[PDB]
Amino acid sequence: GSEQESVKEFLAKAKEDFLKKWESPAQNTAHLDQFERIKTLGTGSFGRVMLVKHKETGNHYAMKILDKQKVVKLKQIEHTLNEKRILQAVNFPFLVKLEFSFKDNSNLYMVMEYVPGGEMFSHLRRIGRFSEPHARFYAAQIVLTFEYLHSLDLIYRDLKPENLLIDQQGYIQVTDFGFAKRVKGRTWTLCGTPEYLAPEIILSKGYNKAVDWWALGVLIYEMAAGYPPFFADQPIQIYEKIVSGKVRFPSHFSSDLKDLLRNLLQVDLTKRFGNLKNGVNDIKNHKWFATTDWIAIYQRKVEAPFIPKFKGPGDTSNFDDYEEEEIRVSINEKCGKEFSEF
Ligand SMILES: c1nc(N2CCNCC2)c2cc[nH]c2n1
């Protein structure tokens, strides 16, 4: 009706803000030695994330640290450069704010909002499975975020409960844009967790922003069941199940839920919700989302069905423990050419 025009005006003004920041990025807006180290919140192959404290304000932040040589080694140069470029340009309720980003001899740094509530994946594995009103609350934030990112021609490509974190109001904060990419039309890079890959990725003949909507289906299922739809011991066996498309829903799933998941986990991307003439509004006006007030979710007015524990600031009880490894600032500037524009 009349409310369709208001959201398009918002998305237009939203794109204008994005283009102006995409055009004129912020660069080397801080340095390591104004951040006190506290704890490792996560680790990886070519990097880690850490809880750090800014000395002048006292504020706590999550500092993603990437090893330059390791980023080159695994051919993650463009990916890394995109992540920082996309983070500093975007702005939405459920996307983490990149506050500072900078560079030294051996490493890249991305200082972001600390979200103390931990990953959705950890909460899911503790509780076992979310109820449907609980999963719908989380899924509505993803539908809005994807609408916002897709309108800016940004595919996310790394949706999973691990990347969705809980803030103290019980809402979702999307972090990790390491496989995110601005792309009109097709793109090819084989990337993402095997559980969440759309079948058109695996077939390796290009793909579009509709892979995000498949990943939404995989999320909603995993949130509701407590395990993912395509599961096996190895990832190769996960791929043969995805391309076949066969999915076994549990007894306790609603028929409204099932109808959505069959429509989101569509092998034929011609018939997949999110990639039709209405696009996202087939997902918004589905029966399963009839109870969701879309404006109220954006404004963060809806009361959260889970609000996590909070002992104090700089507390990491909602995170696993890893071995505290050293940060090595080298004397010789490594890979300066490759990460010039970071
Ligand atoms: C429905 N309503 C929205 N608005 C428009 C202006 N009123 C507040 C928020 C947005 C923004 C992104 N997606 C949305 N869906």
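As numbered in the authors' numbering, residues 9 to 350 make up the sequence shown, in order.
For every residue, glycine included, the Cβ atom is placed at its ideal position computed from N, Cα and C.
query: For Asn115, name the three-state secondary structure that DSSP assigns.; result: strand
query: Could you tell me whether the Cβ atoms of residue 6 and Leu152 are closer together than 8 Å?; result: The question about residue 6 has no answer here: the residues shown for the chain are numbered 9 through 350.
query: What is the rounded straight-line gap between the Cα of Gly136 and the Cα of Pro316?; result: 16 Å
query: Can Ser10 be considered in contact with ligand 1, in the sense that its beta carbon sits closer than 7 Å to one or more heavy atoms?; result: no
query: When burial is assigned at 16 or more other CB atoms within 10 Å of the CB, is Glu127 buried or exposed?; result: buried
query: Quick check: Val275 and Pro202, are their CB atoms within less than 8 Å of each other?; result: no
query: Helix, strand or coil for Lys61, going by three-state DSSP, please let me know.; result: strand
query: Tell me whether the beta-carbon of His39 lies closer than 8 Å to the beta-carbon of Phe110.; result: yes
query: Counting pairs of Cβ atoms below 8 Å between the segment 217 to 231 and the segment 159 to 170, do you hit three or more?; result: yes
query: For the 8 Å Cβ check, are there 3 or more pairs between the segment 46 to 65 and the segment 13 to 28?; result: no
query: Roughly how many angstroms lie between the CA atoms of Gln42 and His68, to the nearest whole one?; result: 12 Å
query: Residues around ligand 1, please: the condition is that the C-beta lies closer than 7 Å to some non-hydrogen atom of it.; result: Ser14, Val15, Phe18, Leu19, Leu152, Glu155, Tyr156, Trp302, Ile303, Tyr306, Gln307
query: Please work out which residues of its chain come closer than 6 Å, Cβ to Cβ, to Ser252, disregarding the five sequence neighbours upstream and downstream, and give them in chain order.; result: none
query: Mind checking which residues open and close the beta strand (DSSP E) that includes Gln35?; result: Run containing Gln35: none; DSSP gives neither H nor E here.
query: Would you be able to state if there are at least three C-beta pairs under 8 Å between the segment 82 to 90 and the segment 137 to 151?; result: no
query: Taking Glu31 as the reference, which of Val255, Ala97, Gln12 has the closest Cα?; result: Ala97
query: In three-state DSSP terms, what is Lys28?; result: helix
query: For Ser159, count the other beta carbons within 10 Å of its own beta carbon; 16 or more makes it buried, fewer makes it exposed. Which is it?; result: buried
query: Out of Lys47, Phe18, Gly9, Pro33, state which residue places its alpha-carbon closest to the alpha-carbon of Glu332.; result: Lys47
query: Who does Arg308 pair with in a DSSP beta bridge?; result: Answer by DSSP bridge pairing: none, since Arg308 is not bridged.
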